[PDB]
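Report on the following structure.
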Amino acid sequence: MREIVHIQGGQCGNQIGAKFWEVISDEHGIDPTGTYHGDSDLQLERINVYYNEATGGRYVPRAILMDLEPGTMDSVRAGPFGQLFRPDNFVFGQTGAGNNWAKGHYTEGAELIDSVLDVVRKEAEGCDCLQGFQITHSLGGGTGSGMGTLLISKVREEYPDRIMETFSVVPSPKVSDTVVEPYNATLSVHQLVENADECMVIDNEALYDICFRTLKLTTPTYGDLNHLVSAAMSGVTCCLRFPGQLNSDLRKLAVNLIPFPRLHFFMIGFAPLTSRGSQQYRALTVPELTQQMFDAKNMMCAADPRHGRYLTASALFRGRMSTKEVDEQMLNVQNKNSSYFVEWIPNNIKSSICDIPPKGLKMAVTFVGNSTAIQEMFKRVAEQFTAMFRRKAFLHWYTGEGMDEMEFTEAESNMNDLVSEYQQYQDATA
Amino acid sequence: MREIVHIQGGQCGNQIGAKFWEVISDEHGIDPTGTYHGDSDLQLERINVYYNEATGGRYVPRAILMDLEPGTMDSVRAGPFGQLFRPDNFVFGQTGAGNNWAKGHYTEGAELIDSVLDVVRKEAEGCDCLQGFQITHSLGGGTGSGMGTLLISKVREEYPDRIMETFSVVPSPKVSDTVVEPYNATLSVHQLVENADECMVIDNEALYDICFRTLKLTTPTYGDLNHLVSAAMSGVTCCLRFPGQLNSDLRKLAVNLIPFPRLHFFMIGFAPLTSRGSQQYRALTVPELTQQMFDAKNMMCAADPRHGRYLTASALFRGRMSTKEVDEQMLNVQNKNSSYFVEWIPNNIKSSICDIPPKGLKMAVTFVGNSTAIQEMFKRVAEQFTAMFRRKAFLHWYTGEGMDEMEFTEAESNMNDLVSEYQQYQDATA
Amino acid sequence: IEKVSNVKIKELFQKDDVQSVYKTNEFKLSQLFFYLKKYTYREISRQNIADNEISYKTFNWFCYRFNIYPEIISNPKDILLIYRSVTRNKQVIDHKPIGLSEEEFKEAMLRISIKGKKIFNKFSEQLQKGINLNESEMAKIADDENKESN
Amino acid sequence: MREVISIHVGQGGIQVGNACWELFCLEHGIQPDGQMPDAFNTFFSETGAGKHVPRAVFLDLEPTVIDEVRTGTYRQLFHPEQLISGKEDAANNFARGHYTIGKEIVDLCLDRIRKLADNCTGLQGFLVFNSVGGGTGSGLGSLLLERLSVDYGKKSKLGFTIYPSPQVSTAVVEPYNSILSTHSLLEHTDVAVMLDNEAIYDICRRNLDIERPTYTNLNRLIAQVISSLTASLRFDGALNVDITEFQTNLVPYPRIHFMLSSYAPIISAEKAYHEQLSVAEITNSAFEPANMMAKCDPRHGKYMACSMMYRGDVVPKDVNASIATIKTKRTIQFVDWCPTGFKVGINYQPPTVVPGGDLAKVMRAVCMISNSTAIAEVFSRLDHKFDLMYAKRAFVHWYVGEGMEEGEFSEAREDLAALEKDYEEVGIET
Amino acid sequence: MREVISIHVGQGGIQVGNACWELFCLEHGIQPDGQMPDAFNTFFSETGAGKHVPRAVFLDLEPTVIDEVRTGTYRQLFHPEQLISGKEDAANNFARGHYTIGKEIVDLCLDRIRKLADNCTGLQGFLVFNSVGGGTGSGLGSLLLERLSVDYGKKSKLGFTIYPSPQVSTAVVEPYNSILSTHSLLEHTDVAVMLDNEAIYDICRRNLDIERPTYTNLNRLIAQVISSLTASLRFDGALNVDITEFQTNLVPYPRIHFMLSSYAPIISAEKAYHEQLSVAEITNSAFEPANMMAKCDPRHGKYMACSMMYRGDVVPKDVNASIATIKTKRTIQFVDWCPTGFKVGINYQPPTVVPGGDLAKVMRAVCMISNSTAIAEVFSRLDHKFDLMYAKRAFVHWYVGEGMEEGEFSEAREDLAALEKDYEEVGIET
Ligand SMILES: Nc1nc2c(ncn2[C@@H]2O[C@H](COP(=O)(O)OP(=O)(O)OP(=O)(O)O)[C@@H](O)[C@H]2O)c(=O)[nH]1
Ligand SMILES: Nc1nc2c(ncn2[C@@H]2O[C@H](COP(=O)(O)OP(=O)(O)OP(=O)(O)O)[C@@H](O)[C@H]2O)c(=O)[nH]1
Ligand SMILES: Nc1nc2c(ncn2[C@@H]2O[C@H](COP(=O)(O)OP(=O)(O)O)[C@@H](O)[C@H]2O)c(=O)[nH]1
Ligand SMILES: Nc1nc2c(ncn2[C@@H]2O[C@H](COP(=O)(O)OP(=O)(O)O)[C@@H](O)[C@H]2O)c(=O)[nH]1
Ligand SMILES: [Mg+2]
Ligand SMILES: [Mg+2]
């Protein structure tokens with residue numbers, strides 16, 4: 001019951017999913033052949049959340065994979081746990097977008113999306129009680145940031161009451177791999193605010209910083225960043241698949257973390273994270289988890305959370321632990337940092353406890369906090385956008401496929417209005 | 001009891017039968033040597049429907065094969081399961097028709113048909129209780145469309161109370177292999193409406209479209225089209241050979257699907273159909289079967305069923321399933337599509353359940369719907385006929401064998417009258 | 001301020017001009033309402049709606065199909081506000097959706113008109129200037145307003 | 001010295017006869033072979049040494065169901081030559097089973113009826129089962145009733161007909177033969193009980209909590225109702241009721257004998273024992289409109305007379321204390337000219353459970369047979385369905401060509417109009 | 001012939017119901033299977049032979065907790081179909097569980113309540129448990145109370161609500177629904193008892209010496225309080241008290257019925273037996289402000305009436321000699337218009353111990369239910385918390401979009417202001 005379907009688009013989203021599904025399968029004891037080989041009874045009670053049942057007793061994820069080029073899905077199939085995905089759900093084009101947002105949203109993405117919407121509708125109509133959808137995509141690419149966001153609007157138009165999740169990677173100015181990143185980032189943020197019920201920003205720069213400083217491993221690769229993102233993704237829905245002292249589905253988090261409908265851009269972090277050589281030194285206790293959870297360097301975004309004030313915060317503890325300690329520590333982390341918490345909403349931290357810890361760990365915490373410090377990312381994105389747009393650089397590529405500069409002006413104005421009205425509440429006082 | 005005999009004519013009909021009998025033999029576990037090697041008891045209880053018994057314990061189909069040239073039957077004998085056919089039933093001429101309807105219906109087909117009618121009479125007089133006849137032939141050829149249709153009238157004149165089936169392939173204008181197709185199509189449709197109790201149109205264009213889009217196989221061949229047609233053919237009489245919750249012979253379908261005696265031209269479709277790579281993704285459920293069953297692209301004809309309104313519909317479910325789900329889904333498919341169902345006849349969908357599924361499949365559905373959208377095929381056939389006839393092109397070939405233009409004029413007028421009176425009920429309101 | 005807005009409506013609903021649309025809305029029962037009702041009859045959810053009422057989906061389809069939205073009512077929320085304002089006194093009985101019993105749909109159409117003067121306000125200004133609006137001028141004014149609103 | 005003969009005709013009739021005959025054999029301790037390893041005499045007969053033979057006859061023109069019966073576990077029970085079978089099915093055509101093929105079979109059935117009746121000495125009456133929406137069922141039921149009404153005269157006959165659902169339907173032509181059969185049995189049957197499938201589907205879904213029911217689950221409930229009705233003839237009870245004591249208590253006028261039934265309690269073993277199942281609560285549940293065995297609303301009409309049977313350890317004073325409560329309620333109102341309308345029967349034998357079935361074992365149960373004015377709605381809706389297609393004379397050619405006259409359809413319409421006028425005339429207060 | 005029905009709604013309600021139902025089963029000697037290996041009748045019912053069924057019903061929209069109950073050791077105890085469960089959680093939204101999803105479930109709960117009430121003959125009243133700071137708990141509790149107040153009328157209902165702590169909180173939006181639920185139960189519940197978690201945490205820490213408590217330890221103390229309150233109905237005592245004998249002794253005015261409880265002694269077996277536990281010292285400990293079960297200071301307000309229950313071998317003269325000492329003390333002052341304010345009950349059965357629990361076995365115990373003027377502080381602080389966020393209309397869109405009107409928040413504020421004014425008006429001397 002109350003299950004969700006998985007939809008991913010683009011190369012970055014496909015690579016994120018290729019590790020997210022591996023993590024989920026390892027958590028539920030599903031072999032790469034789709035056969036259950038788990039140890040505990042609880043591993044099968046709520047498997048309908050992510051997995052479907054077919055004849056022969058094997059399980060198949062309800063994931064939908066889409067891209068405008070076939071290479072990435074032809075590569076993910078040969079990887080581990082690549083056989084679980086149903087071949088029918090693979091939809092792809094023969095041309096690609098070339099990191100051009102217009103091509104992936106107006107000319108090419110519009111004709112292809114009917115086939116993927118057909119299978120999306122097939123998956124949603126069938127399921128017992130829908131909880132919602134979760135979306136993984138990147139804002140630094142053309143086909144992803146175009147087709148995914150248009151699909152968001154199409155899904156929202158047909159299921160207005162369901163919940164919608166988006167895990168979005170925004171292009172940081174530090175590690176830049178594409179010159180046309182500001183254009184399709186700014187165009188995508190315009191559409192994303194209007195339809196997504198929840199959005200979670202993730203930055204490659206913050207992932208590299210975490211890998212270099214906390215884990216202290218010499219050579220980070222995309223596999224480590226994907227593993228961290230996958231652990232963070234799994235931590236959110238853990239209590240929906242396992243029993244606990246205070247169950248809290250996604251809708252309950254939506255109620256408690258979004259004060260106003262347009263303020264739904266969160267930054268997350270996962271604890272504990274320790275190096276291989278120091279994993280024996282540390283002792284896992286609730287104070288040790290909560291001190292690392294609110295650490296500024298532990299956030300999955302380069303945004304500095306002590307440059308603003310938290311509107312609200314959430315924590316999803318895992319493992320068996322006493323609730324009194326959790327509540328007193330949450331109170332203590334809020335009394336010692338009163339300057340960084342907005343004062344006109346008292347008791348702005350939500351807590352939840354799940355009795356099933358991750359495989360290999362005795363305690364774990366997932367942190368989701370809505371803070372005013374996120375304005376800095378939109379500020380720098382808009383700064384680069386307006387630095388590049390004033391000369392009409394690279395504009396002809398977009399304008400040759402039916403798009404105009406008016407949609408750029410409206411997007412810039414709406415993004416600046418969002419930036420302004422997000423900080424409006426930072427200076428608000430009672 | 002209540003068995004039927006098989007009669008096929010022409011090259012296309014012979015190729016259809018060469019796969020239909022293979023499918024039937026594989027379903028009943030009969031080896032190509034005529035020896036039973038089946039597993040289940042039910043495989044032998046009603047084998048008298050299609051197979052006769054001879055000394056030595058082997059089984060022989062009661063099929064009659066006729067053509068005006070010996071090549072096709074000399075070729076089908078060397079194929080798999082070709083030895084089952086009794087050599088006595090092979091009747092052929094030494095000249096052929098050359099795709100000329102007049103030669104295959106007036107000059108050559110008239111003298112030969114006595115021998116084939118002798119064996120037809122031998123087969124029908126002997127059998128326990130006759131149910132009827134089923135005919136496979138093509139309307140795009142001369143000898144087939146002539147001799148088969150004249151044989152229809154001869155059989156109807158002697159057995160007026162029995163039921164008659166015809167599976168007719170009409171020449172589509174998209175994939176045209178013969179220039180004189182409109183003439184012998186129009187001449188054949190004139191005679192076919194007067195005598196056939198049921199007619200089922202099949203188009204090569206729709207078969208290619210299905211093979212390319214649903215199965216997604218690279219290189220279709222006549223073997224795949226024949227296999228699809230054979231599965232559709234077998235699905236109709238399944239409950240007459242196996243037990244079920246609601247048995248429904250051919251006469252019961254005749255009662256419930258033909259409102260007026262001249263409206264008996266149906267288009268069919270088979271479900272499920274899935275690609276090799278996506279056969280593991282899909283889960284077989286009644287909603288999944290019924291959503292594909294009413295799909296427009298799944299019809300075995302290029303006629304678009306949402307261009308008209310269904311007069312009535314029928315479904316023959318296979319496998320063990322709950323009847324409540326079937327009835328509620330049939331109601332739902334009729335409430336959500338009220339615009340495409342005629343309103344002066346309520347509850348115009350017939351359902352049947354057979355507990356024996358096809359070999360290798362757990363559930364299957366055969367769909368037979370009488371719709372007003374079939375007018376478009378006769379419209380285009382008559383359009384080509386009147387475009388070619390106004391100049392008297394290729395007319396001398398037909399007029400040199402005792403035929404005249406008056407029979408062409410009467411055929412055109414009757415076909416146009418059929419087209420008009422078939423759509424007369426589309427605009428009828430209560 | 002809130003009390004004053006509440007005090008402000010209901011008088012508009014009782015005006016002869018609004019009742020005439022709804023008087024004409026009786027004629028919608030006469031033919032437009034009979035067609036809308038026939039569309040509501042195509043909804044299987046009709047078992048949950050009274051036989052003399054139309055659903056919110058049918059009313060929203062009417063507003064979209066007759067260019068009331070976006071030309072006259074720029075915001076789709078206003079259609080919902082009109083519908084809710086007309087049906088405000090109807091209680092949900094037995095979990096059945098609230099239909100347009102005589103006019104919650106007529107009240108929703110008034111809220112669309114009043115809620116957003118827009119395309120229909122421009123038509124009213126042109127008509128008050130004595131300009132006979134032909135269908136091509138109406139389409140052009142509606143297109144120009146839809147472009148200014150997007 | 002009291003006997004009753006049950007007649008089963010058609011597929012639905014045979015499939016409900018199987019359902020009742022497992023239950024009777026189980027209730028009287030008789031093994032499926034017919035051998036026991038003085039109450040049996042009502043349904044069975046002693047052969048002198050050993051086995052018992054049911055006083056039942058199975059009729060059908062289509063041989064599949066009878067062949068299934070003659071090979072199951074009950075092959076040894078029934079006499080080999082009382083399972084009369086035909087060769088050709090009527091195929092949902094009423095005129096076939098009343099004029100063409102039923103006449104040649106009816107003589108054998110009447111001979112079997114005579115041979116069974118000469119054995120009985122205290123024949124109470126006949127029972128007949130037939131699904132109305134079929135050719136052979138309705139036609140042969142009509143013909144058998146018409147022959148029996150003149151061969152025997154005043155002997156009582158009871159009909160457990162299954163009318164089609166308001167919107168759910170399996171055929172497309174069932175209103176025609178339903179109306180004709182209602183015409184036939186209106187003047188020929190003493191009692192008719194309503195049994196449409198949709199209401200029983202809702203009962204199973206709501207109470208038994210089965211989401212995918214099949215026909216067997218419906219037939220088991222019908223069998224339980226039959227057993228509850230006939231328990232008083234073969235078990236000791238404080239307040240007995242005979243079959244002949246019905247037209248004096250439930251039938252105010254000779255024309256009005258259609259009534260609808262209900263049963264209580266219906267509950268599964270998983271939650272049955274958590275509640276006490278007092279007589280008051282079960283007799284309240286029996287009168288709930290949602291627990292009617294036919295999809296009709298009793299709140300839309302008056303009651304005429306209620307005959308309701310108890311069985312188990314119920315005490316008469318508790319029954320009276322519950323009849324008073326029902327008379328108190330304002331939502332149930334009786335007709336003016338009927339001050340008391342309840343006939344009560346009490347039996348000691350608790351209902352028997354069938355292994356592997358749905359119902360659990362309970363000590364108290366109630367079965368009500370109630371005659372109400374609200375039944376006219378099903379007649380009105382069937383009449384409306386009939387008129388839509390009879391306006392254009394659709395499907396009439398399938399009936400005129402089977403020997404039936406053109407005017408035979410109109411007089412059934414006139415008799416239904418007369419019945420509807422009579423039901424309105426009776427329900428008005430003086 | 002005296003009965004009481006307990007209602008458990010929400011996660012906290014179900015988790016405290018489990019806690020009380022181990023204790024009752026242990027106290028009456030009933031095994032977890034429900035089988036004994038005349039005092040049980042207050043909470044249980046006899047099924048005729050063997051097991052006992054609790055007079056309790058469990059409600060929740062989120063299925064996890066009920067599924068945990070239905071698989072534990074107590075799976076055989078509760079009736080299978082009185083554990084009503086939903087599919088979609090309210091997610092801390094009050095408007096959801098009062099207007100959207102609770103309405104479709106409330107009918108089944110009311111049917112179950114009727115089915116349980118018809119069994120009881122001497123129904124004393126209802127008990128209800130619900131954690132206030134949640135969506136489904138508060139909303140469904142409000143709706144059930146509102147339905148029961150009109151279905152039954154003058155029957156007494158008791159509410160053991162758990163209000164949020166002054167500063168410790170798990171959610172961020174709980175003041176809104178706490179205020180709304182207080183509005184709802186102010187005019188609908190006869191008794192409300194305060195149960196916030198922080199005070200009980202302090203009690204456990206100080207007396208039980210547990211530094212890491214969980215929810216089970218809190219729920220066991222609450223269960224002990226419930227058992228002490230209801231002991232007088234099922235055990236012989238020198239001075240009995242009934243539930244109906246409360247509004248005549250603790251409720252001076254219809255509006256004022258919120259009171260706070262305390263319990264004594266609370267001590268572990270490691271140091272319990274070193275001291276004599278005289279009645280004087282336990283009745284002194286019960287009146288200590290630090291041992292209040294709700295975090296309120298009684299020194300800040302007057303007392304109105306004290307109802308306090310003893311159980312064990314206590315003698316009335318020792319009770320009087322201790323009431324005199326309390327009247328002597330200058331730190332405890334009663335209101336002017338109440339000369340005597342004590343109601344005393346004495347029971348003989350000592351409190352029962354749960355194996356593996358915290359509390360030890362003792363021969364004397366005291367439970368006090370005291371109504372005091374100091375309770376207004378919790379209302380004032382909840383009101384202050386509410387006003388801070390309602391000034392900016394934060395989180396209101398999550399409630400307006402679930403069918404609730406804008407003005408519904410204001411009238412709850414006005415009712416709280418009225419209650420606070422009433423508490424001030426009552427506490428002034430004449
Ligand atoms: N309750 C119930 N109804 C059935 C069952 N089987 C068939 N029916 C009903 O019977 C109607 C059609 O008549 P059938 O009994 O199936 O067929 P028939 O009476 O033998 O008539 P023919 O079609 O000529 O063979 C359908 O509309 C079904 O609703 C059954 O097992 N239980
Ligand atoms: N004393 C006590 N309080 C609890 C317990 N569990 C939850 N609570 C309180 O309940 C409040 C929230 O309501 P819950 O009971 O957890 O959830 P709910 O009532 O089912 O409402 P939903 O969130 O919609 O499911 C929290 O603030 C907790 O303080 C418990 O086991 N014991
Ligand atoms: N975490 C992670 N990020 C990736 C990976 N591959 C690419 N990216 C990021 O995705 C961005 C490029 O996106 P792109 O591949 O063009 O998206 P597309 O246009 O939808 O295919 C780069 O800035 C990378 O930082 C990966 O395997 N893991
Ligand atoms: N499905 C199928 N169709 C065929 C096959 N062979 C020929 N046809 C069709 O039959 C038509 C020609 O018919 P023809 O062979 O002249 O019939 P004939 O005159 O009776 O021999 C062509 O348009 C083909 O589409 C086959 O093997 N399978
Ligand atoms: Mg039949
Ligand atoms: Mg909950």
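Letters A, B, ... mark the chains of the structure tokens in the order given; residue numbers begin at 1 per chain; ligand numbers begin at 1, in order shown.
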
- Determine which residues of segment 123-199 of chain E receive a DSSP assignment of helix (DSSP H, G or I), computed from the backbone, and state them as a PyMOL selection string. chain E and resi 135-151+174-186+197-199

- Considering only C-alpha atoms, return as a list in words whatever protein or nucleic-acid residues lie within 6 Å of residue 104 of chain C, sequence-local ones (same chain, fewer than 6 positions apart) excluded.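 My list of contacting residues is residues 83, 86 and 87 of chain C.
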
- Message: Show me, as an MDAnalysis selection string, the residues that have an atom within 8 Å of segment 258-268 of chain E when counting only C-alpha atoms, minus same-chain residues fewer than 5 positions from it.
- Response: chainID E and resid 191:195 207:208 225 277 282:283 285:287 291:294 358:360 365:372 375

- Message: Please check the contacts: residues of chain A at most 6 Å away from chain E, using only C-alpha atoms, listed as an MDAnalysis selection string.
- Response: chainID A and resid 251:252 259 322:324 344:345 347:348 350:351

Quick one: which chain B residues come within 9 Å of ligand 4, and what is the nearest atom pair for each with the distance in Å to one decimal, counting only C-alpha atoms and all ligand atoms, rows ordered by chain and ascending number, as a Markdown table?
```
| residue | atom | partner | partner_atom_place_in_ligand_line | distance |
| --- | --- | --- | --- | --- |
| B:9 | CA | ligand 4 | 20 (O) | 6.5 |
| B:10 | CA | ligand 4 | 20 (O) | 3.3 |
| B:11 | CA | ligand 4 | 21 (O) | 4.1 |
| B:12 | CA | ligand 4 | 5 (C) | 4.6 |
| B:13 | CA | ligand 4 | 20 (O) | 7.4 |
| B:14 | CA | ligand 4 | 27 (O) | 8.2 |
| B:15 | CA | ligand 4 | 27 (O) | 4.9 |
| B:16 | CA | ligand 4 | 28 (N) | 6.2 |
| B:67 | CA | ligand 4 | 20 (O) | 7.2 |
| B:68 | CA | ligand 4 | 21 (O) | 8.1 |
| B:69 | CA | ligand 4 | 21 (O) | 8.2 |
| B:72 | CA | ligand 4 | 21 (O) | 8.5 |
| B:96 | CA | ligand 4 | 19 (O) | 8.6 |
| B:97 | CA | ligand 4 | 19 (O) | 7.2 |
| B:98 | CA | ligand 4 | 19 (O) | 6.9 |
| B:99 | CA | ligand 4 | 19 (O) | 5.0 |
| B:100 | CA | ligand 4 | 19 (O) | 8.1 |
| B:101 | CA | ligand 4 | 19 (O) | 8.8 |
| B:104 | CA | ligand 4 | 19 (O) | 8.9 |
| B:137 | CA | ligand 4 | 20 (O) | 7.1 |
| B:138 | CA | ligand 4 | 17 (O) | 5.8 |
| B:139 | CA | ligand 4 | 13 (O) | 7.4 |
| B:140 | CA | ligand 4 | 13 (O) | 5.1 |
| B:141 | CA | ligand 4 | 19 (O) | 3.3 |
| B:142 | CA | ligand 4 | 19 (O) | 4.5 |
| B:143 | CA | ligand 4 | 20 (O) | 4.7 |
| B:144 | CA | ligand 4 | 20 (O) | 3.6 |
| B:145 | CA | ligand 4 | 20 (O) | 6.5 |
| B:146 | CA | ligand 4 | 20 (O) | 8.4 |
| B:147 | CA | ligand 4 | 20 (O) | 8.8 |
| B:148 | CA | ligand 4 | 20 (O) | 8.9 |
| B:169 | CA | ligand 4 | 10 (O) | 7.6 |
| B:170 | CA | ligand 4 | 23 (O) | 8.4 |
| B:171 | CA | ligand 4 | 23 (O) | 6.2 |
| B:172 | CA | ligand 4 | 23 (O) | 8.2 |
| B:175 | CA | ligand 4 | 23 (O) | 7.5 |
| B:176 | CA | ligand 4 | 23 (O) | 6.2 |
| B:177 | CA | ligand 4 | 23 (O) | 5.0 |
| B:178 | CA | ligand 4 | 23 (O) | 6.7 |
| B:181 | CA | ligand 4 | 23 (O) | 8.4 |
| B:202 | CA | ligand 4 | 1 (N) | 8.8 |
| B:203 | CA | ligand 4 | 25 (O) | 8.1 |
| B:204 | CA | ligand 4 | 25 (O) | 5.8 |
| B:205 | CA | ligand 4 | 25 (O) | 8.6 |
| B:207 | CA | ligand 4 | 1 (N) | 8.3 |
| B:221 | CA | ligand 4 | 28 (N) | 8.3 |
| B:222 | CA | ligand 4 | 28 (N) | 4.6 |
| B:223 | CA | ligand 4 | 27 (O) | 6.7 |
| B:224 | CA | ligand 4 | 1 (N) | 8.2 |
| B:225 | CA | ligand 4 | 1 (N) | 5.2 |
| B:226 | CA | ligand 4 | 1 (N) | 5.0 |
| B:227 | CA | ligand 4 | 1 (N) | 8.7 |
| B:229 | CA | ligand 4 | 1 (N) | 7.6 |
```

- Task: Kindly provide, as a list in words, the residues of chain C having any atom no farther than 12 Å from an atom of chain A, counting only C-alpha atoms.
- Result: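 Every residue meeting the condition is included here: residues 147, 148, 149 and 150 of chain C.
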
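You will find atom CA of residue 267 of chain B at 22.3 Å from atom CA of residue 131 of chain B.
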
- Note on the structure: Min atom-atom distance to residue 134 of chain A from the set A:155, A:54, A:368, A:180, counting only C-alpha atoms, belongs to A:155

- Query: For chain B against chain A, which residues fall within 8 Å using only C-alpha atoms, given as number ranges by chain?
  - Reply: B: 275, 277-283

Keeping only C-alpha atoms, write the selected residues as a compact mmCIF listing (two decimals), in the first residue's frame.
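The result, written out as again_25.txt:
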```txt
# COMPACT_ATOMS: atom_id res chain seq x y z
CA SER B 275 7.99 -8.09 -27.44
CA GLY B 277 12.55 -8.12 -24.37
CA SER B 278 9.47 -6.85 -22.53
CA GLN B 279 7.78 -10.20 -21.85
CA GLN B 280 9.31 -10.21 -18.35
CA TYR B 281 8.34 -6.61 -17.47
CA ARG B 282 4.60 -7.05 -18.01
CA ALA B 283 2.23 -8.69 -15.53
```

- Message: Need the shell around residue 79 of chain C: protein/DNA/RNA residues with any atom at most 8 Å away, counting only C-alpha atoms. Skip same-chain ones fewer than 6 positions apart. Format as a count of residues only?
- Response: 7

- Task: Figure out the distance between atom CA of residue 324 of chain D and atom CA of residue 155 of chain E, please, to one decimal in Å.
- Result: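 Atom CA of residue 324 of chain D lies 24.6 Å from atom CA of residue 155 of chain E.
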
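Taking only C-alpha atoms and all ligand atoms into account, ligand 6 lies nearest to E:66 out of the set E:66, E:319, E:49, E:250.
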